[PDB]
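So this first bit is one chain, no partners, the form deposited in one PDB entry, shown in structure tokens.
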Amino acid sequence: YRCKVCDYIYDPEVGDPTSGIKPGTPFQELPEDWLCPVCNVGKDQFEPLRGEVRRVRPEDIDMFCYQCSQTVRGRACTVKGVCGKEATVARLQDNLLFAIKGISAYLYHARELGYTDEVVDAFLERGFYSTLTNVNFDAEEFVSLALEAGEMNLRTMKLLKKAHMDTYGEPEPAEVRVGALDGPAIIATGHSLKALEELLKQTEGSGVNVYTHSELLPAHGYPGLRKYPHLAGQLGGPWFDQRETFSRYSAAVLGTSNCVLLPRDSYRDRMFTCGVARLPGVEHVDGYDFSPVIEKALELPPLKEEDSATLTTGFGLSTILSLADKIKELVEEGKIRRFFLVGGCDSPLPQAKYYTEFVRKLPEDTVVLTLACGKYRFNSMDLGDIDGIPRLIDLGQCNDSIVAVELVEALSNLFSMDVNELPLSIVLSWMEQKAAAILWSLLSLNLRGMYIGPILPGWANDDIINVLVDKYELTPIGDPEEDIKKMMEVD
């Protein structure tokens, strides 16, 4: 028998002479209250010879957990928990943890605006308590808890969108100049619209121009944010062009939320962090006091005007609903054949080129709704429109997933069909915990047949992957052409 927890082999050939086990005693001729000499688990946590359990190299660590003192050798539980928890349950606990992390991020951003939800904080406590050492061992309960986390994330994104709309108005379409103007510059990266508003308020009259980057692009749609003239436009693209963007523009850089990367020496003395963002050797902004960043921007050599391009962002729900009747006409005529939700968080992985290919081969009688940084794979494509309806529609940040939700609910009422009968396909890009919370949000809405890229989450063992694919029909991204062919044929 080899120990499930620490892979200690009890071999009936040796026995244990020091304890009374003369050499030759079978495993089942051991005392009843005998425990493991390494991990202190009973006779049950001994399995008849499995085979080279750990010995992991290219992958296959069965599980990981070192949160309690019982952990094997004081380093990590990696096959089975000393507490008795198996690998699948540990991975489900980590899944719930990531979802609640995404919820907590959106919660922090809402509270930045004075918007609070008590039941969500209670659920945070409840979930983190559920992932303690010896509290919960039920996997199905963790499925239930993941779905409840999806529901709470719906609620949290709803609260954050209400915070944004009350503080800045409902976003409406805006053509954003991507390209520099003449003058000192501050580039802002992240999600915090409150930090951007404070900076814009502090820079009115200073004459330094403020540009958005990555997930701060949707700010150009908010009436309370676009009203500032020194909000010049976009500059750079998604988060991972950061190191080149911040290098090439001679500007002060401020990172407001996550997706900030370790800086390169070219712009290290001209970068700042604020909110929760924090980098070693980078100056951090005390609350919202952006005096150092403005100082830097005015000390730096100004930017140079450049032939600019444009991006179109900020489709609030109301702008889309003012087009519902034409969309109805167009689908019933047949001049629009399907809606595709293609977006979410991105990564510099090669498999994410899939997205640029996917939209590039999409038929021209289709429309795309995009989201988060994964929009920067195809938002510059000149796709045009269908009888006045744009083929690309930018709802905003990842937290604007919620309006996407609202949209389908309208569409189900528009065409008088159940949600899982619409001419709608869903293609997710995920990268972080916020995306995990969004994914479980979509799963709590029973959205079947969704596609996911660039990879399946690293915390999902075979058990979890199969539960998703057989109970929720979550389809991994494969080949763009074949995927489109599968999604569009009711024939």
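Numbering starts at 1 and runs along the sequence shown. Under this definition, the rigid core comprises the largest set of C-alpha atoms superposing within 1.5 Å between the forms.
The form deposited in another entry is left out here; the points below concern that form.
Only one of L422, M450, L445, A460 has its Cα shifted by 2 Å or more between the shown form and the other one after fitting on the core, and that residue is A460. If you compare C-alpha positions, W459 and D470 are 3 angstroms or more closer together in the other entry than in the form on display. Pairwise change in the other entry: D470 and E432 C-alpha atoms lie closer than in the shown form, at least 3 Å.
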